[PDB]
Amino acid sequence: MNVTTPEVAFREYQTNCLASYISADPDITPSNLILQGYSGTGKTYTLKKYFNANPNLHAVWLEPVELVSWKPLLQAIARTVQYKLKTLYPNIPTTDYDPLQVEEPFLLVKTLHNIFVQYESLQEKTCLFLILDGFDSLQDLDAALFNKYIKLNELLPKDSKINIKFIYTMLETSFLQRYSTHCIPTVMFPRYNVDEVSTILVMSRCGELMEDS
Amino acid sequence: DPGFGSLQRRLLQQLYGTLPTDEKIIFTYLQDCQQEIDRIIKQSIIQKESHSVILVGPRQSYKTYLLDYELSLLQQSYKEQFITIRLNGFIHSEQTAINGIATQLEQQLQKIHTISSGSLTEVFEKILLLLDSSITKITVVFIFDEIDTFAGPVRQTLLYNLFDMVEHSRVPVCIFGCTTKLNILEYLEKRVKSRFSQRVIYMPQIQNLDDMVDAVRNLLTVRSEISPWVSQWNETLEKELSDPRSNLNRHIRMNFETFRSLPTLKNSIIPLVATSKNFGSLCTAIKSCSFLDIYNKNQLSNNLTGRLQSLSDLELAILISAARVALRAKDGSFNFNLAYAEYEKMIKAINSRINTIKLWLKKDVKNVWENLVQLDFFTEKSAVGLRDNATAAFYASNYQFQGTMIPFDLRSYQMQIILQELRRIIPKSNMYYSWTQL
Amino acid sequence: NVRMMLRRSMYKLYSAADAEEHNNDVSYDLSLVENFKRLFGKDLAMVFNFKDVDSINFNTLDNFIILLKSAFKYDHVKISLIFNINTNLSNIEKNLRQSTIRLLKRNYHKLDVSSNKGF
Amino acid sequence: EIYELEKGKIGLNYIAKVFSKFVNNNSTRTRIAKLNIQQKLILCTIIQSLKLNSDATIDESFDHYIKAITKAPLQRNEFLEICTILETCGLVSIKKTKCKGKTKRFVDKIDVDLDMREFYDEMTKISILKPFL
Amino acid sequence: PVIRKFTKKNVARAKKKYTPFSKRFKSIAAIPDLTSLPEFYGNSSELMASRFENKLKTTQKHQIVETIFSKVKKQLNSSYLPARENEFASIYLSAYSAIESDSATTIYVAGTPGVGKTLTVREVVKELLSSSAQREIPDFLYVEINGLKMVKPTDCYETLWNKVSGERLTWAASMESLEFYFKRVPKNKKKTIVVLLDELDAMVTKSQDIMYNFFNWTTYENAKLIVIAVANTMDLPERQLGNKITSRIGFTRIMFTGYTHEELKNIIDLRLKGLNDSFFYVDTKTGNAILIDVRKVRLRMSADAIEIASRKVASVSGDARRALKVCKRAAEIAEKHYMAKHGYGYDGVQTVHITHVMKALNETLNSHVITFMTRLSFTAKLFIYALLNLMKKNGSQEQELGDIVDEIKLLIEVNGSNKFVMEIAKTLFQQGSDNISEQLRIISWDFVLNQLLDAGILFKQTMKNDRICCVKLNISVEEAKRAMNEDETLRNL
Ligand SMILES: Nc1ncnc2c1ncn2[C@@H]1O[C@H](COP(=O)(O)OP(=O)(O)OP(O)(O)=S)[C@@H](O)[C@H]1O
Ligand SMILES: Nc1ncnc2c1ncn2[C@@H]1O[C@H](COP(=O)(O)OP(=O)(O)OP(O)(O)=S)[C@@H](O)[C@H]1O
Ligand SMILES: Nc1ncnc2c1ncn2[C@@H]1O[C@H](COP(=O)(O)OP(=O)(O)OP(O)(O)=S)[C@@H](O)[C@H]1O
Ligand SMILES: [Mg+2]
Ligand SMILES: [Mg+2]
Ligand SMILES: [Mg+2]
C-alpha cells in the first residue's frame, strides 16, 4: 500500500493494524471493520489522525448518537454519501435524490444504487469510507440492526466504480460478542494506563494552561 | 523498491478473494460441494430447467463465495441468458421483498437491451404474470439469503409463490436458499414443503488438520509470476508448512481445536502481510509468527480479564466487596448500600491489622459505582439487554421500568464476575487478595 | 423516552425557525442543528426549558443531556438549559449520573423562585 | 346425487357414509391403518408423554422413545415422518405453539383428541401394546 | 407554507374508483343486459396480461444439448386418469346439476397437500367448458381465487369484481358491488360464474367477513354462483369458522383421501408410458438422444424401482408430487453418473434401479446434525459435553451459562493426566502463548455459542447477564448422546 501510518503517541499497534485495513484500492480493503473500545480509549482521535495523515482517501463521518432510531440513520447515510460525492467529483451531472425518500433498508439500497450508477464516468474504481462512530451509542438500538449493515455490500453492485466500505466504532463488547461468527476484522482498543494517562493529559492540557490568562 | 509491493498486493488479493475469475482458488474440502452447485446451476442457465435448492451451512462457510463464483463463471460465456434476483432475509421484510423483486426485474432487463410502479397489489400482480404466466428464454436465478426468516411460523406466502413457480411455470427459475438452521425443513408450512424439491445440500466442514494446512497452502502460495521474490516466497512458505513443528503449523493446529474456520486465519494473516515492509522482514515475520501473538493478545484485551487488569484500587475494593455481598446472599443480588457496608468493614479490618487505605466517602464511591456498570461488571436484577427484533426494542422504549424510578442506591444489581473467578485472576501480591476468600 | 424529546425539540426548532422568517422537509434529529447555519444563514441559540424536572425521569434527562452534549462541535450553536425544580438541589444531583453533573458544573447558576423567599 | 352415481335404501349410506367418514374407526381401523407395529406403539409413547408433561415436544416424544426400546438404527427423521401418518389420518396435531417453558420461541408440539376409552379397548388384541397401556 | 410532522414521500396509490355498481344507473328496473355488454365478462381488451411476454426471450441460440435422461426429467414435471374417478364424477355432477338448473350450490373438497384436488377441479372446469362449447349448457366466466396469491386477504373482492365486470374499484366498493350484483340483479341478465377458492384457510382474517360473504352470496336465489372451495383440513369450519358458516358450507364435504401404492405406480406408469423401454438414437460425440457414432439405446425405468419408490411415499403422506420428486431425483442421479462416466458436458442400455433410487429415497431421511456435531470443533464438543453431563445432576434441560463455564473448568482441572488434554489445556485458556493471562472463559466461547445458536442446536434466552442466561438443547438429548460417543477423547474426558 501507499498509506502513511500516523505517529499516535500511545496507540502503536492500532495505527499499524489500521493502515493494514484502510487503503485506496477497494480489493485490498475489507468491506466491514470494527474498532471496539471503551469511553476515552482513543478511537476517534486515532481515526481522525489517520484520515488526516492520508488526505487522498475519502471519509464519511457519521455519529449515530445524535440520530436516535434506525430511520434517521438510513436517511443520514443516504444524505451525506451524496453530499460527499457532490463535493468530490463536481463535474459529473448529479441528479439530486431526496434522502427523505429512504424509509426502509431496501430503499437505502435502491437509493444508493441510483446514486452510484450515475458516477460510472470515472476512470478507476474507488472506495468511500463511511464511518459509524459510536454504533453501540445508538439510543433506540436492537440486536438485529447490525445484521442489516453487514449484508449491505452484498446488494451494492459488484462492477461499480464507487464501493462503500464501512468502519464501525463499538463500545460495549457484549454487543460485539453477538456478531462474532461474522468474522469481521476487529481492532480492539484496550483501556489506557496510568503511566499513559499521566502524560496524555500533559501533552493535551499543558498548551491550554500557559495560554490560560 | 517496487518489486516487493507487487508480491504483497497479490498476497492480500489472494487473502481477500478479490482475484479475477480464472485464478480464484477453491479449497479441496469444498470442491465436491462446488461440483453440486455447478451441476444444479449449469442445468438452468444452459438446459433451461427449473428447480429450488437450499444451502445449509454456518456463518462464513463459503456459500455466497461459491454462489458468486458460479455466477461469475456462468457469465463469461452465457451473459445474456440469465438474470439474477438476490435478496436477503434481513433487509427484505416480506412486504418489501415484492418491491425488491420488482426493482430487480426492472433494472436487470434494462441492461440487456414500468413494472416497479403501482401499489403493492399491482406490483405483486405485475410479477405474477411475468413469472407464473426453436427459441431460448431468459432464466431467473433467485438468491435467498437467510431464508429462515421468510419461513416464519405464520403464513409463508412468498415461499409458496416462489416455490410454486417451479413446477407450474413457463419461465425457468432456479432459486438458491442460503441459511444456517440445520432444521430448515421443519420450518416450512406443509404445502410449501410439497412444492419444494427437497434437495437441500449441506455445506462441508473441515474434517482433518491436513485440510486446513492445504487450505493455507492454497491461499498463500502464488501462481502467477509477478514479483522477483516469488521463487523464494513459495519455498520459504513450504518450509513452514511441511515441517510439523514450526510456528505457522502450530497456530493452524490451535486454530483447528478452537474456532475451526479459515476466515479467522485470514484476519490473522492479513495484518501480518500488510504491516511488513521488506521481503526479508516478511520472511522472518512468517517464520517466527511475531504478529499472530501480538494480534491474538489484542483480541482478548478487554473481555472480562484485560479490563479488570486496568481497574484502579478503590474500584477493585468495591468490586471485591460487591462480589462478597452477592456471594453471601441467596440468589445473588445486592445494592450500593450493601456494597458500601462491606467496603468500610473490609477497610476497617485492613487498618486493624496495621501504611493504610484511605476510606473514600459515599459521595465519591458513587462515581466508582457508575464506572463499574459502564464496564459491565454489574447487571440489574432481571434486565434483559438488547431485544431480539426491532419492535420489542420499541415496545419497551415506551415502558417506564421500576428499576429506574426508585432511588439510586437501592437498585438491586447483580454480579457479572463471581468471587471464585475473582480469586484466581487477581495477583496474589495484592492487599485485597486475602479478601477474595469466603 | 429520548427520541420523542429529540423529535419534539427539533420540530419546535424547525417550526420556530421557519415561521420567524417572514422549503424542504428535514429529519428531526441533530443534523438540523449541524446544518442550521447553511439552511437558514443564522447562528442557533436554543434555550431548553424542562417544566417539572422533579417529574421527568432523570434517566431520560441525562440521556437527553448526553445526546445534546455532542452539539458542542458545531460552532454556531449555544445551548442553554433551564431547570424548573420544585424540590431541593440535593435531589437532582443524587439521581443524575456524575459525568452529567460534572458537565453541568461548568457554567451553572441557581435562582430561588418562590413567593415565600423574601416576603 | 349419489343415486345418479349408479349409471329408502340408498339415501342412508351418505349419513352412514359421512358419519363413518368423520368417525372412521376409533380402534378397529386404528391398528388396521397402523398395520405396522412401528405405526402402533408410538401412539402409546405420546400417551405416556401426556401424564408427565403437557409441553410434549417431539424431542420429548423421542426421549420417551429411547426410554422404552432400550433393551439397523433409528434416526429422528423416521419418527417424525411416521408421525405424519398419524397426522394424515386425523388424530395428532403437530404445529408450532408458544412453548412457554423458560424461553418463548417456537417448537413442535404433540396433542391427541379422542378420549381414552375405546383406544384402551383397541389394545386388547395386540399383545405388545398391553404392557405399554 | 406548512411544516409537517412526518413525511410519506414514498407512497403509491392505485387508480381505482370509489363508487360501487349500485350507483351506475340507480334504476333496478333498467339495468342493461350484463351478459352481452362490451366490457363485462372479458369481452374487450383481453390482451391486458400479455404485455410482458417479449421480455424473457432473448436469442434462440447456441444449440442446447439434451441427454438420455433429460427426457425423463422433463416428463416428470408438473405435466382418462385411473386415480380420481369417484371424486371427479361426484364433483362434476354436483357442479353440473347447478349449471343446468341455474342454481347456487357450494362444493367443499379437502385433503392433505398433494392428493390432486386442484388438478381434478381444474379438469372439471375444463370439461364443463368443453360442454359449454358443445352447447348442452349455458356458458360461465371462470374465476380462480388463490388464498395465498394476494398481498391483502380482502383483495378477493377486488379481483372477483374486476374479473366479473372489467372495472376495478377499491375493496369496499367491490364488496358492495358484488353484494348488489348477487342480491338484486335478476337471473335473466346474469350468466353464471364458477369460483375456485384455492387454499381457503388464508382468508379468515379478523372478522371472518370474506368467509361470510363468499358462502352467503350462495344462499341467495338470485345469484348464479358455484363455489368449489378447496381446503387443507377436513374439519376446518368446526375449528376456525362459526357454526352458522358451518351450516352455510353444509354437508357435502367430499374428502380427497391419500393415494395408494397401486395408484401411484399407475401414475408413474402413465407419466413414463411414452419413454419406458423405447429406443433412442444417441451420438457418441455428445450424448444428444432422440427418440423414434449413432447408438440405439433402450431405457429401463424399472418397475421394481418404481414400486420401491412408490411404497415409501405412499406410506408417508401419499403425495403424487413427492413421488415425482423422488423419481426425478433418481433420473438426476442417473444423468450425473452418465455424464461423469462419459465426459460429455453441457453446451449399452441405460437403467434406473433399486440401489440407484435408494439414494433419492435416502436424501430426505438424513439428519445432518450428528455428522455436524462430529465435525464440530473440540471446544464446541466440550461445550456440548458440559451441557450434557450437567443434565444428570440437575434435571431441568435449561442450564445456566455460569454453570457450563465452571463445569468446563472442572473437567479441564480434573483431567490433568491425559497427554491430549495437557497439550490442549494450555492453548484452551491462553492461546498457547505468554503475554496473555489465563482467561476466565475458554478461547472461542462466544464463537461456539453463536455457532450453535445460529445452527439451532443451542437455545439461549435473552438477558444481559451471561452467568444466569439459561441455555437449552433445542434438538434433543439422545442424539447429542449418540453424537458425543465418537471422539476418542471426549469418550473418556
Ligand atoms: N494517544 C493520545 N494522544 C493524544 N491525545 C489523546 C490520546 N488518546 C486520547 N487523547 C485525548 O483524549 C481524547 C479522548 O477522546 P476520544 O479519542 O474520542 O476517545 P473516544 O473513545 O472516542 O471517546 P468516546 O468513545 O467518543 S465516549 C481525545 O480527543 C484527545 O484529546
Ligand atoms: N463475492 C465474494 N468475493 C470475494 N470474497 C468473498 C465473496 N463472498 C464471500 N467472500 C469471502 O469468503 C469468506 C466467507 O465467505 P461467505 O460467503 O461470506 O460465507 P457465507 O457462507 O456467505 O456466510 P453466510 O452468507 O452468512 S451463511 C470471507 O473471507 C469473505 O470475505
Ligand atoms: N392423479 C394425478 N395425476 C397427475 N398429477 C397429479 C395427480 N395427483 C397429484 N398430481 C400432481 O399435483 C399437482 C396438482 O396439485 P394438487 O396436489 O392437486 O394441489 P393440492 O393437492 O391442493 O396441493 P396444495 O397443498 O394446494 S400446494 C400436479 O402438478 C400433479 O403433478
Ligand atoms: Mg468517538
Ligand atoms: Mg448469505
Ligand atoms: Mg393448488
# chains A, B, ... in the order shown; residues from 1 in each chain; ligands from 1

$ residues_around --residues "residue 28 (chain B)" --least-positions-apart "6" --cutoff "12 Å" --atoms "only C-alpha atoms" --output "list in words"
residues 34, 35, 204, 205, 206, 207, 208, 210, 211, 212, 213, 214, 215, 216, 217, 218 and 219 of chain B

$ residues_around --residues "region 22-27 of chain C" --least-positions-apart "3" --cutoff "12 Å" --atoms "only C-alpha atoms" --output "ChimeraX atom specification"
/A:66-69,71-76,79,98-103 /C:6-11,13-19,30-36,39-40 /E:1-9

$ closest_atom_pairs --of "chain B" --to "ligand 6" --cutoff "12 Å" --atoms "only C-alpha atoms and all ligand atoms" --output "JSON lines"
{"residue": "B:160", "atom": "CA", "partner": "ligand 6", "partner_atom_place_in_ligand_line": "1 (Mg)", "distance": 10.4}
{"residue": "B:161", "atom": "CA", "partner": "ligand 6", "partner_atom_place_in_ligand_line": "1 (Mg)", "distance": 11.0}
{"residue": "B:164", "atom": "CA", "partner": "ligand 6", "partner_atom_place_in_ligand_line": "1 (Mg)", "distance": 9.0}
{"residue": "B:165", "atom": "CA", "partner": "ligand 6", "partner_atom_place_in_ligand_line": "1 (Mg)", "distance": 11.7}
{"residue": "B:167", "atom": "CA", "partner": "ligand 6", "partner_atom_place_in_ligand_line": "1 (Mg)", "distance": 11.3}
{"residue": "B:168", "atom": "CA", "partner": "ligand 6", "partner_atom_place_in_ligand_line": "1 (Mg)", "distance": 9.9}
{"residue": "B:191", "atom": "CA", "partner": "ligand 6", "partner_atom_place_in_ligand_line": "1 (Mg)", "distance": 8.9}
{"residue": "B:192", "atom": "CA", "partner": "ligand 6", "partner_atom_place_in_ligand_line": "1 (Mg)", "distance": 10.7}
{"residue": "B:194", "atom": "CA", "partner": "ligand 6", "partner_atom_place_in_ligand_line": "1 (Mg)", "distance": 10.4}
{"residue": "B:195", "atom": "CA", "partner": "ligand 6", "partner_atom_place_in_ligand_line": "1 (Mg)", "distance": 9.7}

$ write_last_selection --atoms "N, CA, C and O atoms" --output "PDB file, in the first residue's frame"
ATOM      1  N   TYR B 160     -44.295 -19.805  -0.788  1.00  0.00           N
ATOM      2  CA  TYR B 160     -45.285 -20.587  -1.523  1.00  0.00           C
ATOM      3  C   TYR B 160     -45.374 -20.127  -2.969  1.00  0.00           C
ATOM      4  O   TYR B 160     -45.487 -20.945  -3.886  1.00  0.00           O
ATOM      5  N   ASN B 161     -45.311 -18.817  -3.195  1.00  0.00           N
ATOM      6  CA  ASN B 161     -45.396 -18.304  -4.554  1.00  0.00           C
ATOM      7  C   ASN B 161     -44.100 -18.517  -5.319  1.00  0.00           C
ATOM      8  O   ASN B 161     -44.133 -18.729  -6.533  1.00  0.00           O
ATOM      9  N   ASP B 164     -43.866 -22.238  -5.916  1.00  0.00           N
ATOM     10  CA  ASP B 164     -44.967 -22.593  -6.794  1.00  0.00           C
ATOM     11  C   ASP B 164     -44.680 -22.244  -8.247  1.00  0.00           C
ATOM     12  O   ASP B 164     -45.229 -22.880  -9.148  1.00  0.00           O
ATOM     13  N   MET B 165     -43.819 -21.261  -8.516  1.00  0.00           N
ATOM     14  CA  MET B 165     -43.410 -21.054  -9.899  1.00  0.00           C
ATOM     15  C   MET B 165     -42.145 -21.845 -10.201  1.00  0.00           C
ATOM     16  O   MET B 165     -41.233 -21.355 -10.869  1.00  0.00           O
ATOM     17  N   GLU B 167     -42.736 -25.788 -10.480  1.00  0.00           N
ATOM     18  CA  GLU B 167     -43.453 -26.766 -11.278  1.00  0.00           C
ATOM     19  C   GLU B 167     -44.361 -26.090 -12.293  1.00  0.00           C
ATOM     20  O   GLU B 167     -44.374 -26.463 -13.470  1.00  0.00           O
ATOM     21  N   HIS B 168     -45.099 -25.075 -11.860  1.00  0.00           N
ATOM     22  CA  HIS B 168     -46.252 -24.578 -12.587  1.00  0.00           C
ATOM     23  C   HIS B 168     -45.963 -23.343 -13.414  1.00  0.00           C
ATOM     24  O   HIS B 168     -46.842 -22.489 -13.540  1.00  0.00           O
ATOM     25  N   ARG B 191     -47.684 -27.186   2.816  1.00  0.00           N
ATOM     26  CA  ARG B 191     -47.975 -27.054   1.396  1.00  0.00           C
ATOM     27  C   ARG B 191     -46.895 -26.287   0.652  1.00  0.00           C
ATOM     28  O   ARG B 191     -46.930 -26.221  -0.579  1.00  0.00           O
ATOM     29  N   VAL B 192     -45.955 -25.686   1.376  1.00  0.00           N
ATOM     30  CA  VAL B 192     -44.722 -25.194   0.791  1.00  0.00           C
ATOM     31  C   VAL B 192     -43.652 -26.283   0.761  1.00  0.00           C
ATOM     32  O   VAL B 192     -42.770 -26.254  -0.107  1.00  0.00           O
ATOM     33  N   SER B 194     -44.444 -29.425  -0.036  1.00  0.00           N
ATOM     34  CA  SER B 194     -44.801 -30.253  -1.181  1.00  0.00           C
ATOM     35  C   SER B 194     -44.393 -29.608  -2.492  1.00  0.00           C
ATOM     36  O   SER B 194     -44.143 -30.315  -3.472  1.00  0.00           O
ATOM     37  N   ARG B 195     -44.307 -28.278  -2.531  1.00  0.00           N
ATOM     38  CA  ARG B 195     -43.793 -27.587  -3.706  1.00  0.00           C
ATOM     39  C   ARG B 195     -42.279 -27.591  -3.760  1.00  0.00           C
ATOM     40  O   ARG B 195     -41.706 -27.286  -4.808  1.00  0.00           O
TER      41      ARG B 195
END

$ select_by_dssp --residues "region 33-101 of chain C" --states "helix (DSSP H, G or I)" --output "PyMOL selection string"
chain C and resi 33-34+36-39+58-74+89-91+98-101

$ write_last_selection --atoms "C-alpha atoms" --output "mmCIF file, in the first residue's frame"
data_model
loop_
_atom_site.group_PDB
_atom_site.id
_atom_site.type_symbol
_atom_site.label_atom_id
_atom_site.label_comp_id
_atom_site.auth_asym_id
_atom_site.auth_seq_id
_atom_site.Cartn_x
_atom_site.Cartn_y
_atom_site.Cartn_z
ATOM 1 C CA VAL C 33 -28.563 21.587 14.302
ATOM 2 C CA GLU C 34 -25.471 20.710 12.218
ATOM 3 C CA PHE C 36 -28.766 25.178 10.624
ATOM 4 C CA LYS C 37 -26.059 27.624 9.560
ATOM 5 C CA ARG C 38 -26.440 26.674 5.895
ATOM 6 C CA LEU C 39 -30.193 26.056 5.885
ATOM 7 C CA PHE C 58 -33.670 11.678 35.287
ATOM 8 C CA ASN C 59 -32.569 8.550 33.412
ATOM 9 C CA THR C 60 -34.185 10.021 30.311
ATOM 10 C CA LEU C 61 -32.999 13.517 31.194
ATOM 11 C CA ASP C 62 -29.293 12.722 31.462
ATOM 12 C CA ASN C 63 -29.572 10.655 28.281
ATOM 13 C CA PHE C 64 -31.012 13.763 26.636
ATOM 14 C CA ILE C 65 -28.203 15.883 28.105
ATOM 15 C CA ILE C 66 -25.630 13.395 26.753
ATOM 16 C CA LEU C 67 -27.372 13.461 23.373
ATOM 17 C CA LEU C 68 -27.249 17.271 23.466
ATOM 18 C CA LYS C 69 -23.574 17.380 24.514
ATOM 19 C CA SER C 70 -22.459 16.327 21.021
ATOM 20 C CA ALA C 71 -23.928 19.545 19.607
ATOM 21 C CA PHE C 72 -20.942 21.482 21.005
ATOM 22 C CA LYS C 73 -18.764 20.818 17.962
ATOM 23 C CA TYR C 74 -20.823 22.872 15.506
ATOM 24 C CA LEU C 89 -30.835 20.586 44.539
ATOM 25 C CA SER C 90 -29.613 17.602 46.591
ATOM 26 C CA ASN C 91 -32.373 15.526 44.975
ATOM 27 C CA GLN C 98 -21.808 12.002 37.902
ATOM 28 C CA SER C 99 -20.395 12.754 34.449
ATOM 29 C CA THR C 100 -23.530 14.726 33.596
ATOM 30 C CA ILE C 101 -23.190 16.532 36.935
#

$ residues_near_ligand --ligand "ligand 2" --cutoff "7 Å" --atoms "only C-alpha atoms and all ligand atoms" --output "list in words"
residues 182 of chain A; 16, 17, 18, 57, 58, 59, 60, 61, 62, 63, 64, 65, 66, 68, 145, 178, 179, 180, 263 and 266 of chain B

$ write_last_selection --atoms "C-alpha atoms" --output "PDB file, in the first residue's frame"
ATOM      1  CA  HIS A 182     -19.437 -12.972  11.021  1.00  0.00           C
TER       2      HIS A 182
ATOM      3  CA  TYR B  16      -9.355 -11.354   0.422  1.00  0.00           C
ATOM      4  CA  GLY B  17     -10.589 -13.388  -2.539  1.00  0.00           C
ATOM      5  CA  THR B  18     -10.679 -10.472  -4.997  1.00  0.00           C
ATOM      6  CA  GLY B  57     -24.094 -24.228   6.464  1.00  0.00           C
ATOM      7  CA  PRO B  58     -22.809 -22.000   9.253  1.00  0.00           C
ATOM      8  CA  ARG B  59     -21.643 -18.416   9.009  1.00  0.00           C
ATOM      9  CA  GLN B  60     -18.510 -17.822   6.924  1.00  0.00           C
ATOM     10  CA  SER B  61     -18.839 -21.309   5.430  1.00  0.00           C
ATOM     11  CA  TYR B  62     -18.417 -20.115   1.808  1.00  0.00           C
ATOM     12  CA  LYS B  63     -21.968 -20.068   0.478  1.00  0.00           C
ATOM     13  CA  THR B  64     -22.101 -16.578  -1.023  1.00  0.00           C
ATOM     14  CA  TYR B  65     -18.496 -17.188  -2.112  1.00  0.00           C
ATOM     15  CA  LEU B  66     -19.328 -20.363  -4.037  1.00  0.00           C
ATOM     16  CA  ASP B  68     -20.752 -15.742  -6.706  1.00  0.00           C
ATOM     17  CA  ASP B 145     -30.045 -15.160   1.766  1.00  0.00           C
ATOM     18  CA  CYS B 178     -28.592 -19.919   1.854  1.00  0.00           C
ATOM     19  CA  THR B 179     -29.499 -20.444   5.503  1.00  0.00           C
ATOM     20  CA  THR B 180     -27.912 -21.523   8.765  1.00  0.00           C
ATOM     21  CA  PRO B 263     -11.662 -16.505   7.816  1.00  0.00           C
ATOM     22  CA  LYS B 266      -7.395 -14.779   7.095  1.00  0.00           C
TER      23      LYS B 266
END

$ interface_residues --of "chain E" --to "chain D" --cutoff "7 Å" --atoms "only C-alpha atoms" --output "list in words"
residues 112, 316, 317, 365, 366, 367, 461, 476 and 478 of chain E

$ write_last_selection --atoms "N, CA and C atoms" --output "compact mmCIF listing (two decimals), in the first residue's frame"
# COMPACT_ATOMS: atom_id res chain seq x y z
N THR E 112 -54.96 -33.41 2.60
CA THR E 112 -53.55 -33.11 2.83
C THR E 112 -52.85 -32.83 1.49
N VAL E 316 -45.75 -42.53 3.68
CA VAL E 316 -45.63 -41.20 4.27
C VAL E 316 -46.35 -40.17 3.38
N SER E 317 -47.55 -39.79 3.82
CA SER E 317 -48.37 -38.66 3.38
C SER E 317 -49.01 -38.82 2.00
N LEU E 365 -34.12 -38.66 4.31
CA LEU E 365 -34.14 -39.31 5.61
C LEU E 365 -32.79 -39.27 6.30
N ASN E 366 -32.06 -38.16 6.19
CA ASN E 366 -30.79 -37.99 6.88
C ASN E 366 -30.88 -36.78 7.79
N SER E 367 -30.61 -36.99 9.08
CA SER E 367 -30.40 -35.87 9.99
C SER E 367 -28.93 -35.49 9.95
N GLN E 461 -31.77 -18.00 26.22
CA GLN E 461 -32.76 -16.97 26.48
C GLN E 461 -32.09 -15.60 26.59
N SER E 476 -32.33 -32.22 20.82
CA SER E 476 -32.57 -33.45 21.55
C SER E 476 -31.47 -33.65 22.57
N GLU E 478 -30.88 -37.32 23.25
CA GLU E 478 -30.48 -38.64 22.80
C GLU E 478 -29.54 -38.59 21.60

$ residues_near_ligand --ligand "ligand 4" --cutoff "8 Å" --atoms "only C-alpha atoms and all ligand atoms" --output "VMD selection string"
chain A and resid 42 to 45 63 133 to 134 169

$ interface_residues --of "chain B" --to "chain A" --cutoff "8 Å" --atoms "only C-alpha atoms" --output "PyMOL selection string"
chain B and resi 5+9+12-13+16+18+59-60+86-88+90-92+96+100+263-264+267+270-271+274-275+298-299+301-303+306-307+310+375+386-390+393-394+397

$ interface_residues --of "chain D" --to "chain B" --cutoff "9 Å" --atoms "only C-alpha atoms" --output "PDB file with N, CA and C atoms, in the first residue's frame"
ATOM      1  N   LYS D  95     -47.941 -28.645  15.293  1.00  0.00           N
ATOM      2  CA  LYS D  95     -47.679 -27.320  14.753  1.00  0.00           C
ATOM      3  C   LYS D  95     -46.863 -26.560  15.785  1.00  0.00           C
ATOM      4  N   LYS D  96     -46.498 -25.331  15.439  1.00  0.00           N
ATOM      5  CA  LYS D  96     -45.698 -24.500  16.329  1.00  0.00           C
ATOM      6  C   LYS D  96     -46.614 -23.753  17.290  1.00  0.00           C
ATOM      7  N   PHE D 106     -40.500 -20.796  19.280  1.00  0.00           N
ATOM      8  CA  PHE D 106     -41.408 -21.826  18.792  1.00  0.00           C
ATOM      9  C   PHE D 106     -40.711 -23.176  18.678  1.00  0.00           C
ATOM     10  N   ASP D 108     -42.073 -27.688  17.943  1.00  0.00           N
ATOM     11  CA  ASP D 108     -43.150 -28.613  17.622  1.00  0.00           C
ATOM     12  C   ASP D 108     -43.833 -29.106  18.892  1.00  0.00           C
TER      13      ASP D 108
END

$ residues_around --residues "residue 427 (chain B)" --least-positions-apart "4" --cutoff "12 Å" --atoms "only C-alpha atoms" --output "list in words"
residues 305, 308, 309, 422, 423, 431, 432, 433, 434 and 436 of chain B; 437 and 438 of chain E

$ interface_residues --of "chain C" --to "chain B" --cutoff "8 Å" --atoms "only C-alpha atoms" --output "list in words"
residues 1, 57, 59, 94, 95, 97 and 98 of chain C

$ write_last_selection --atoms "C-alpha atoms" --output "PDB file, in the first residue's frame"
ATOM      1  CA  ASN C   1     -38.076   8.408  26.105  1.00  0.00           C
ATOM      2  CA  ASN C  57     -37.159  10.501  34.565  1.00  0.00           C
ATOM      3  CA  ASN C  59     -32.569   8.550  33.412  1.00  0.00           C
ATOM      4  CA  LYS C  94     -28.354  12.496  43.611  1.00  0.00           C
ATOM      5  CA  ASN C  95     -30.415  10.974  40.794  1.00  0.00           C
ATOM      6  CA  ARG C  97     -25.082  10.469  36.788  1.00  0.00           C
ATOM      7  CA  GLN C  98     -21.808  12.002  37.902  1.00  0.00           C
TER       8      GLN C  98
END

$ interface_residues --of "chain B" --to "chain E" --cutoff "7 Å" --atoms "only C-alpha atoms" --output "VMD selection string"
chain B and resid 46 to 47 58 118 to 119 121 129 to 130 134 to 138 157 161 167 to 168 180 to 182 191 194 197 to 198 205 to 207 254 257 to 260 293 297 305 379 383 to 385 416 421
